[PDB]
Number of protein chains: 2
Amino acid sequence: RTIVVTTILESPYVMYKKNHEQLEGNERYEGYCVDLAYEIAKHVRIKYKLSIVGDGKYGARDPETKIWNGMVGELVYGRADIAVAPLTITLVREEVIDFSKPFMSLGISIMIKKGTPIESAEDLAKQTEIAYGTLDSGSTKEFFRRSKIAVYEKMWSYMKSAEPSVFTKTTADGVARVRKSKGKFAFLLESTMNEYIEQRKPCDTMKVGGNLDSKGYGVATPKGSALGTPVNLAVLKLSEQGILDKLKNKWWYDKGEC
Amino acid sequence: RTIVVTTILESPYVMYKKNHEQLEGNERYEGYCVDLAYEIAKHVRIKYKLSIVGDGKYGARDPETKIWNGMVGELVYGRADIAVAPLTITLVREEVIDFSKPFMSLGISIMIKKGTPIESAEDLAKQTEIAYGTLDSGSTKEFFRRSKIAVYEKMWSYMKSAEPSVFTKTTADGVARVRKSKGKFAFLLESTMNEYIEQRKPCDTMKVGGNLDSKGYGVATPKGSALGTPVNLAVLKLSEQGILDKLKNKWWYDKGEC
Ligand SMILES: N[C@@H](Cn1oc(=O)[nH]c1=O)C(=O)O
Ligand SMILES: N[C@@H](Cn1oc(=O)[nH]c1=O)C(=O)O
Ligand SMILES: [Zn+2]
Ligand SMILES: [Zn+2]
């Protein structure tokens, strides 16, 4: 009767509460997706347990074994019933899982340390003093691997063979590399993550230029699940009632430090 | 074998070509949705005929008869197989038709004649010298009828009982009212329409403030149609290949006059 909700530790979507080591079960976590899961379970009327994905990945298919990892893999292999997380809606994932209509709209973006002389992806692609990368194993890395746009092909050619690796294990590792690099590392990541980090101390980073593409996050269910329909309607209801706006303001802007 | 694609005359989504009276069938029309229908039919491999909806409406359900009008009605009653148009994804429509993942992201917005002293919906709601309205019978009008947010409740209370009516038959009628009103009429409409009109001569209007909500347009099919799945994948492929970006630039910005 209790459904397993897979998700990932990614601020401010899911975070440990301050005293989480004294707490158990769902009470360990807080954040936008923890709130979204509660609101959705309320409409769909289900009990659920949040489960942080073991491998800390979003979901990609290994080109050799064809095995899905990450939250996507948890759904595909029947280990979770729903993923409530900043999981980007993408073609290759829509072939194997179902997604709700998007609960947030976003785009890939550039994060720089303040004062870095970069205003656009064209600006990063034409030089080499400033290194740049993305999260390993997610949709941003696939965006660059698959692009046929000249500027993005140029960036992919640079990242794919950069040494030491510019592909990071977590977004937090990318942000910390930006922060420690004295302006010599820029990070390509989703605009929602970029906008959150910009409002957090030490307020030393900023999003530059417009977004590179336009996409969304969706709540994901196994292909054919009976949860898919009521979840989708739940998301649309929450959107129309202004709850999603309210949550984004709560988690991004109401605490802003910058 | 030829599928009926319902759509609506709305610039720059679907427009008559300059010499359309000498032309027949699909060649009569041009615009973003005409291009989108061609790209989708290419992936899904179907022949199709564009059909401008008789009543020139998007789709609403009559509260008395429960009958759907507009493009939504064409789908629900089996008179078209697909709607390719700036049809907003909404809860009440998702109960009766299917939508693709969104091909465009947008929000409700305010259109003013340049120089009008309004910078926000709060600004419109607190005065009464400047009248304001929306398209009749679409999702923007429903947004205000259904809102429980104070500022929007206040605006709905004003519009619902304004005389002469502030609800317009087409977006073009709203724009022309803005233009002719000497600053005394503002129009609430979708950001994509607002951004297009701002780049068109006589360049006397502008979008003010941020958007009131965040939603999207989707390609619509009857509930349960076998087209739904291949269309959705087609849209996602076009999104990821940068075709949707390309089309938005073609139809909004590459001709811009302002
Ligand atoms: N939401 C992304 C994960 N990821 O977060 C970023 O900022 N880039 C990136 O690839 C996914 O679902 O794969
Ligand atoms: N896309 C809207 C129609 N409409 O266009 C606007 O700008 N407002 C409005 O209601 C719909 O699908 O109902
Ligand atoms: Zn800890
Ligand atoms: Zn004519």
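Below, chain A is the first sequence line, B the second, and so on; all start at residue 1. The figures here come from the full heavy-atom set of this structure, side chains too, leaving out hydrogens, waters and symmetry mates.
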**Request:** Could you tell me which of B:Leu91, B:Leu236, B:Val92 has the largest number of non-hydrogen atom pairs under 4.5 Å with chain A?
**Result:**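 Result: the option with the highest number of such pairs is B:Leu91.
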**Item:** Qualifying disulfide (SG to SG under 2.5 Å) pairs, either residue in residues 206-235 of chain B, two or more places apart
**Value:**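 Matches after skipping sequence neighbours: none remain.
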Mind listing the donor-acceptor pairs under 3.5 Å that bridge chain A and chain B?
{"from": "A:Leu91", "atom 1": "N", "to": "B:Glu240", "atom 2": "OE2", "distance (Å)": "2.8"}
{"from": "A:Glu94", "atom 1": "OE1", "to": "B:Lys101", "atom 2": "NZ", "distance (Å)": "3.3"}
{"from": "A:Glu94", "atom 1": "OE1", "to": "B:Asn232", "atom 2": "ND2", "distance (Å)": "3.4"}
{"from": "A:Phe99", "atom 1": "O", "to": "B:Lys101", "atom 2": "NZ", "distance (Å)": "3.0"}
{"from": "A:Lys101", "atom 1": "NZ", "to": "B:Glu94", "atom 2": "OE1", "distance (Å)": "3.3"}
{"from": "A:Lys101", "atom 1": "NZ", "to": "B:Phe99", "atom 2": "O", "distance (Å)": "3.0"}
{"from": "A:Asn232", "atom 1": "ND2", "to": "B:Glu94", "atom 2": "OE1", "distance (Å)": "3.4"}
{"from": "A:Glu240", "atom 1": "OE2", "to": "B:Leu91", "atom 2": "N", "distance (Å)": "2.8"}

**Interface moiety of A:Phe99 toward chain B, non-hydrogen atoms closer than 4.5 Å** =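 When you check distances to chain B, atoms from both the backbone and side chain of A:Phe99 fall under 4.5 Å.
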**Asked** For B:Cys258, which residues count as a side-chain contact (heavy atoms from CB on, under 4.5 Å) partner, sequence neighbours excluded?
**Response**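 So B:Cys258 forms a side-chain contact (heavy atoms from CB on, under 4.5 Å) with B:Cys203.
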**Message:** Holding to side-chain contact (heavy atoms from CB on, under 4.5 Å), I want the full list of residues that pass it with A:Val34, two or more places apart in sequence or in another chain.
**Reply:**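 Checked A:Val34 against side-chain contact (heavy atoms from CB on, under 4.5 Å); matches are A:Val14, A:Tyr29, A:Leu50.
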